[PDB]
Amino acid sequence: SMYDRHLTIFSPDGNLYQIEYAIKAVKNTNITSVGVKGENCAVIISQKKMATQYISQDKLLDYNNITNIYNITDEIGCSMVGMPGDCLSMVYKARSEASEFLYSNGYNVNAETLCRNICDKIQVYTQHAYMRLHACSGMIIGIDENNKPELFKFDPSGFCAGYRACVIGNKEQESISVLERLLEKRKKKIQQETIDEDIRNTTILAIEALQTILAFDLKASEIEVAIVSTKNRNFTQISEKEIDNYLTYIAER
Amino acid sequence: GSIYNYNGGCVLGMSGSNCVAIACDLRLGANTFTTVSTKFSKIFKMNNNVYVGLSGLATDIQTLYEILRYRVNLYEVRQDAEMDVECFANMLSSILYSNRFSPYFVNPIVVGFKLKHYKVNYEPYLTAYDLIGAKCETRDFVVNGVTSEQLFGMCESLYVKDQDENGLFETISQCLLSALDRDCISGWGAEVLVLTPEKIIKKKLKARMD
Amino acid sequence: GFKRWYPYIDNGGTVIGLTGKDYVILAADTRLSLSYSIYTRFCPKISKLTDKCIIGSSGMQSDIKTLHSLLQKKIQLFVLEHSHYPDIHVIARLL
Amino acid sequence: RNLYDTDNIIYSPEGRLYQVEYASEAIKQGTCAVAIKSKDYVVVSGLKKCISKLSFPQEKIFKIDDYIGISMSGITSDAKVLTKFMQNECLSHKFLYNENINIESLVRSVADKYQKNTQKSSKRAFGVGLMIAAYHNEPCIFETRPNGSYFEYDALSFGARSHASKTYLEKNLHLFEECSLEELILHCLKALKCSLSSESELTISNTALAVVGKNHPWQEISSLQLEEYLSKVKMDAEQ
Amino acid sequence: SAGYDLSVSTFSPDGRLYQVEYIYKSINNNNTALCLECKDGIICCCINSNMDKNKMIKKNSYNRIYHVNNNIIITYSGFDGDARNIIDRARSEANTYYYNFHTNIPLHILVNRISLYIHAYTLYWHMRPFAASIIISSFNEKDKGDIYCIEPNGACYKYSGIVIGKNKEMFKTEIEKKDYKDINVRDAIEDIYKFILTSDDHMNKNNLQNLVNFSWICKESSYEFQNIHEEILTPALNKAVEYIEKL
Amino acid sequence: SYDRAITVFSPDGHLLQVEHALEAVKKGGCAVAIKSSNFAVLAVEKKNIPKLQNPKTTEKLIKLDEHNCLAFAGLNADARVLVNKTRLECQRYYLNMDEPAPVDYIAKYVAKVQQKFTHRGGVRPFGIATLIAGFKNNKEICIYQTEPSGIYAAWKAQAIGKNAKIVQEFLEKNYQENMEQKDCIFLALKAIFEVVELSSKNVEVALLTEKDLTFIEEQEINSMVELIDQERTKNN
Amino acid sequence: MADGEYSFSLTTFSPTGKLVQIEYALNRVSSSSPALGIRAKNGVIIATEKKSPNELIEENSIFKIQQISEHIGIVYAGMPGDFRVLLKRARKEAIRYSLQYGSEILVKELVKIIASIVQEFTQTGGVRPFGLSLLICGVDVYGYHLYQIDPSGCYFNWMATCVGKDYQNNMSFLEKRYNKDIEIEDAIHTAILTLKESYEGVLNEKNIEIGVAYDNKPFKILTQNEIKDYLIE
Amino acid sequence: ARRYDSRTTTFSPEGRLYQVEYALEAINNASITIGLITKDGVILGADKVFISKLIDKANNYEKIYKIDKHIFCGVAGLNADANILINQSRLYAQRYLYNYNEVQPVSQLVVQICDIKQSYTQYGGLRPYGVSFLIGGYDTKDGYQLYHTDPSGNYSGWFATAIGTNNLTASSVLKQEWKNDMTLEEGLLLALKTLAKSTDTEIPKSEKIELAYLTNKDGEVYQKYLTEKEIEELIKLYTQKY
Amino acid sequence: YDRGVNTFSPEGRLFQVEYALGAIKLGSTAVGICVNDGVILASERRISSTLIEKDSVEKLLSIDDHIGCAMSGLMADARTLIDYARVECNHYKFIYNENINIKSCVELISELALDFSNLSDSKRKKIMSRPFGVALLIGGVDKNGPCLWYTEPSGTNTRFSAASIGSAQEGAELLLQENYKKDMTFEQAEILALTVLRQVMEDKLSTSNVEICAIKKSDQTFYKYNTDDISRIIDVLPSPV
């Protein structure tokens, strides 16, 4: 009919254009996040940037409060890119899902299952006409029960998957090429890494990838970096000073 | 327990070689001592390979039998096959437990054949229940009802493994009759059904009527 | 264990009425008691319902207060909805 | 076509709610009412619409509570629902707390009742405005709008051709504070007359007038006193 | 538009939600509200210039500044009814937090809860989204000032000073000149009056008294909500007015 | 649960859904009821494919309870649901009063149901008109006619369904009071055949008395049809 | 919302009698990565094409072949979120049956229950149909079964079938070389050959998933190495 | 959201219900289903729609279904809607047995399912069921019975009838050939004839035919769903007799 | 149609209410006259044919012993409203042990009529999905003496000394305005009612096409007029010139 592009109903070719438009709304925020997996750790790096929305950025804005990385639990964090209302909503949904899991089962949910349950929630928006889609794409990291890092990413269509490395943002084909090159370059070494060396290499790869993608010089104050490892399984950000040191090392090489 | 003495009655299951038998008394009591009927069968055919014996409160017997018939008929029309006796036994357990806190005052037994398709092999199947659906799978015999102790004594003493249909009939009938003769609130006739894969033999025993 | 709490208590007191041809007298004592002790010596038992109608009650003081106030509320609502004050007989049926 | 005025939950490209604005438009079609207040009194005066020669004039002002009364303009049934709500809120407050309700809280509750009817597609806004006059530690006049907003006034008027009454009130606003109850009544009635149709006149039949003040519970004026006031108004209009 | 702007639950083909943008336009057309962090407190001011032709309104009776627990300032620009709804919800969340935990709800948690409440009215095809943006702010000795502004889309950001509503751009241009973290709230009062005189052409020195709401949470008020007394607003108003008439 | 207002006022001031239901009724078969001193005759057109359709199944002349019967025109399925509601109400009345429901009570109930279905969100009106013959509490025989709008009246004789105006006008100039059972039956047959093909298999006829509802035999109908054919040929 | 006046059918009849939303869901399926199943003499195989978009994704994170219970497997062609919802519902129904009757759910019973669930979404108010087709394979007392479930809720009993893209040509290729008396190895080879004839280029153990239920054994999903062995020849 | 409502249960300017007319068009677009009553039982026959040679043609009847021991139906229209209503009618028969301790009369079952269909046409805002049923059965009250239902909740009894595509030809054949006292064999041969003539051919094909009948013999009702072999034998007999 | 039932027009009027107003202009004409001695209601009955039983159809219904009602517009809707009014009046009588004031009955009826607006969920929930499209004349005698009230689909209630409804509303109102007088006695009220009805009736006035009821102040009892009373009024009527 004349409204097949308004509701979550199939169009003549089989498409649900509302899902496509929600994904485009995510893309319109102009925010880029990158997640990278190590051998015993995982990193997420995002821009500390307000999503391009109706309002603009003021010089009285508190830029430390601007973030796209959240803790779901002590050991599980994420990046949520998209409309900030929707991103906060998805953060709260994920937190409540994790807490309910913990109470019901007596052990913390791992990142994969939390991502899949979130996507089960999103599918309901994709099938019921009276609910708007959440214009939100996310990356979730954690350390699973076998001390292996996890990197999972969901998008408004309810589709999720695990990744060796991923990017949310405007361009994602060229981002995938950059990440593939960085991963193969890292993999071609045969020396065994220490836990600390592995974490350092992973963080440097994440920073260098975000930089080669965004195509400008990252300032430590304008980006955020969060890590989870087998040394420290808590999802923790790193200081602006450590980000700056990683950046000085990257530039001088 | 007094509720179970209101009507009286008992049921007994026994297996032989490629045969199985189910028997019950025929009395409908009232107020524990008044006999109001002498043709109140406690044995019900679910399908050709599944029988159930329901002792206890007569209203609950009829109600549970109707529920079980409803469930079996729906299952078999949906599946286009006869319900396996084990599935039926588990279903009966689940139905009884679903009323765990206001239960049906019934003491069921299930008797039939477990079919194991290679021809087909017919393995006797026996199960006794309590009113909330606890199950006792057995190979020799099962009992239930206010006459349970007497039936247990008679079966423990007289049951013989791997009897043919005639031996099975004589044994189960003797067990039932001896047990009934010691009960004030059970008896007034006995029906005995002897099952084989080919035929069902229904007998009414010339029993005591006091 | 704990015994089930009883929701009734008699706070005592008397109400007396007497009609005349063109008048009515309603009198009530003002003691408020609990078992064998006196809560207060001044607890009026008569409430005004209309210019021509009052109510006096004995029993549980919380119940009496709630009922008098409910009746006053209902009567003011009646006055607003129906433009006239209810007669004593109307109030009697309503009570 | 508008394409944005069909449903009450839809904003137009200019950020307007057209259904709510139409509900407000219903208010301008009602008969005129005027409320003014001195340091001790609030006087409410309004015109009672007459359908035909054989018909009795419609009621314009209503008692809510001992010291609260209202006048309305717009859809009468809406006003009746709101009147019942206010009367019940006041009586329930007296029943529960043994005190006269706070007028601000009552008007806020009324405005929230207004607001809840604008958020769902299965509702419509109340198509009526309420002018609320009370004395609670001071005289007060409030207005409530279909959009869920309310305002306090020193003098107020609405209804068909209420701009003339508003002109009169703006002119003399400085006087009302210090004038006596008789003078305040004359002012309110003259402001109401300023909204009259050319051929029309203020009569005991078609004129509603209420006073409420410090020791003066809400009370409509009787036909005799109202007639004396109307005669005084005519006489000092001739001047 | 193109038929994609009739519902808050339909994305446009370019990925935009038009009902939300129309609400933004409504808010930007409405009266001005601002909150400013100073050295020893935060100061909030609402300019009700839309009511300049409403001569009969009771003097100083329309106030857009409320508070939550006597220590959080909450104001708005947009529909009064929707704002009252959101403020009722804020107070209800504060009550529930106190009931559960016996301590006052932290400002940032309350902001998150309010923003989620607002965002929930943008999700369904049968509910009107709120037409209001909210400022929520507090101040205490150890933490200095915290100012959050919640958008109708449900996005909450943190500011050192915020202006919403009409003429906000010029007000921001004026606010950004001085670092008010080193100025006291009392001194900021005169600056704010000067900004009002310059930026809102509906406002003159005649209606500045009855058209502006002033409140603060500062050391002088023991870090609890208070409307600024007229005996403080009067000299500041007079001085701003004479300074402006000079140039 | 669906709650949209299906029946609404058109600018002209009409309930168009009710008028469309009336159209459905006018697409139904004809039914005639005639009243007498203490009996009523009801007749209804029959449509049945010869030798393939079963005539005994379809029932347009049905018994509500001991003393009340109903004929209807319009949508069959709507009629079945309404008739079952009416039987239920008959028995509920008996339970709550210890007396069978009078005819007027049942007519009022049926009309109330139809009106209600013009005035509730998420439902369309019944596309049926009904003739209800029965006894009042004074044992008097009455006939009521209800319509999709919910309006009812009592009649000495009435036709509903397709071509009801021709039958009505015919009945006006041919109906007498206190007619005998045979003459009332003949009048009903003439009225129905004024607008339906002449045949025994095209009409079902029943007679209502204090005792029970009795359908007229096939042979009696055929004999009366031969009488009608004779009078028609002789009149031409 | 869900309830109230806002619960009306989004799938309705057209003048010709067609329910176009179901047709559009069918098109969506016909544009999806191919899947197929084969019923052999002593087992049933379901195979699918799992083409990794990029070398960054983890293949194990994507499994288009899932187990519903012991002896029952499922694969889909179409939208993956819909598949997740229906797979969770199928597992729930399997355990509900097991709790009632103790034993494992018969394949036909599961298929009928899931088909009814699918059908509901073509008639209930305020929803779209599911955009996928399911192949359900399993072994029970009554033999080996291979069932398909369409977006409309119709179910079919198959000796062998293919859903998704190029499924007419795939079915021609599969009926050219299917007999009722194949073995498990022959069936797996045939499934692989069909998926090769459909897929453009070169297949490998990462481009396809395979699940088997044979010789009255529990359903198992072939590992990468087992499939590589099947691909050596 | 009212702009998306298609108003399924709303009268049309001619007192028509458009969704019901379209559902009937869909049913008319389905394969032929026939039924007829002999003195030996009710026969239901149907043409199978070809999809592929790989469909499993063993014990797979998709147009004729058992509702109870004494009731069975033929389907014309959307198969999934039919599956829903068939499940419902099996439930209804078993509920009647539970409540009354005797098997449900056929007309009561038909009435219950037709009530479901009518309700969907009158209440709510959902589309109607797109299915016609040929319900046949036996009960002591009315003997052998055969009924036809349509989406509107209507039904009617028949001695022989056909639904689905080209029902006109099949109905004419039945009207010419059906007799008031036929034997089961004669009934089955006539069913084969009308199926062959409606499918535009002369010798029917076993692979495309579903045939079942329902007999009350020796006091119990028994349903036979003819296999491909039995249908092949009947096809040979038909080609002999014609 | 395109709109919803609760939509305002740009002039602040509910479309459905306005359309419902166009339905009350239809039906038989009725006239109410309220004088000091009582209130009289008179209506013409539009018998469709000789086969219809006159007893069955009636346009003057009694709501309580002391209240009668004439109706116009959709008769099924009018009957719904009247039944509701009967129940409510008797509930009032039960809980207060007195006759309900007429104005209170009119208020109850008007609120029931407007229930479709869904304005508030207090007490029962919304059930009616549209206005009633009925105009009523409700006369009765209460403690304030006789009174005549008019209610219409918009929910406005107006009190009259004399009024008219139905197709001939306007002509009847013109005749009433120029002839009604306050001090009119009861017999003159009856004469005026039947004169107006005959003047505006398409048919010729007679005992079978006119129904009358009155609620006299003497006894506050609704009374229906049989053939003798109508015959007397007709035979005391003036000339038709």
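Note that the chains are named A, B, C, D, E, F, G, H and I in the order they appear, and that numbering of residues resets to 1 at the start of each chain.
In the analysis below, contacts are C-beta pairs under 8 Å (C-beta built on N, C-alpha and C of every residue); 3 or more make two chains touch, one makes a residue touch a chain.
A.B. asks: Going by the touch criterion stated earlier, list every chain that contacts subunit D and also contacts subunit I.
C.D. replies: C
A.B. asks: Count how many hops through touching chains it takes, at the least, to reach subunit I starting from subunit A.
C.D. replies: 3
A.B. asks: Counting C-beta pairs in contact, does C-I beat E-G or the other way around?
C.D. replies: Of C-I and E-G, it is C-I that has more C-beta pairs in contact.
A.B. asks: What is the distance, in whole Å, between the centres of subunit B and subunit D, each centre taken as the mean of its C-alpha atoms?
C.D. replies: A distance of 83 Å separates the two centres.
A.B. asks: Find the geometric centre of each of subunit D and subunit F from their Cα atoms only, then give the gap between the two centres in Å, rounded to an integer.
C.D. replies: Using C-alpha averages as centres, the distance is 57 Å.
A.B. asks: Report, in whole Å, the distance between the mean C-alpha point of subunit B and the mean C-alpha point of subunit I.
C.D. replies: From the centre of subunit B to the centre of subunit I is 75 Å.
A.B. asks: Quick check on subunit F: which residues sit in contact with 2+ other chains?
C.D. replies: In subunit F, residues 1-4, 6, 121-122 touch at least two other chains, as defined above.
A.B. asks: Where in subunit G do residues touch at least two different other chains?
C.D. replies: 1, 4-8, 10, 112, 125
A.B. asks: Subunit E: which residues touch two or more other chains?
C.D. replies: In subunit E, residues 6-7, 24, 124-126 touch at least two other chains, as defined above.
A.B. asks: Report the residues of subunit I in contact with subunit C in the complex, numbered from low to high.
C.D. replies: Residues of subunit I touching subunit C: 95-98, 101, 103-104, 107, 143.
A.B. asks: Contact residues on subunit H for subunit B in the complex?
C.D. replies: 59, 66-68, 87, 90-91, 94-95, 97-98, 101
A.B. asks: Note which residues of subunit I are touching subunit D in the complex, please.
C.D. replies: 2-4, 6-14, 107, 110-111, 114, 117-120, 122, 150, 154-156, 158-163, 173, 176-177, 180
A.B. asks: In the complex of these two chains, what residues of subunit E are touching subunit G?
C.D. replies: Against subunit G, the touching part of subunit E is residues 124-126.
A.B. asks: For the complex, which residues does subunit B have touching subunit H?
C.D. replies: Per the stated touch rule, the residues are 66-67, 69-70, 73-74, 77-78, 80.
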